[PDB]
């Protein structure tokens, strides 16, 4: 397999800022390289082929450049509709490999998440299970961390989380985390807390409750 190495993996910039990301082939692939743009929640779309050639419909803001085995795309001024993940693909030899992608988002002022904690419903407990949710709302830098503590004991492997795509309105992210215990286990402990660390926090915030 010819390997395509894309850098950086993630890229953030303001609207109207000039950006460039790179695709590097493990060996000469001539001009047989293509780019696809995948907007969030949608399918890939053809951007540039023959390494430098813009597909029809694609704005002049886009360009591409080949230097040897190194291929780059330049967006002269970044716009919100440019947001998504960019993949390069070599068409030179079988199999036709893909790069790992570069994910582009819009940079905004740093925003700390607003944190909320939800104890399980009495309804779920009847059923015999307890889900405790940690909400981290509207924080810009995508990177964020949750730690679950039960009577001040750090939990591992018993939780799951997911984060939204960048909100078009405020350019922020949100994250929800769920700690899931059996009803028997939930009732043996008092304090339930989620500890949040984020760039917008000079120190970690902890949200908690005592069941009962």
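Residue numbers count along the first chain shown, from 1.
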query	finding
Between 29 to 37 and 52 to 60 (mean CA B-factor, as deposited), the higher	52 to 60
Higher-scoring stretch by recorded Cα B factor average, 148 to 156 or 172 to 180	148 to 156
Top residue by Cα temperature factor, when 128, 99, 113, 84 are compared in the entry	128
Selection by C-alpha B-factor (highest) of 76, 89, 93, 137	76
Ranked against its chain, the third holding the CA B-factor of residue 164	middle
Where the record places residue 5 (Cα B-factor, split into thirds across the chain)	lowest
Relative C-alpha B-factor of residue 187, binned into the chain's lowest, middle or highest third	highest
Entry-reported Cα temperature factor of residue 15, expressed as the chain third it lands in	highest
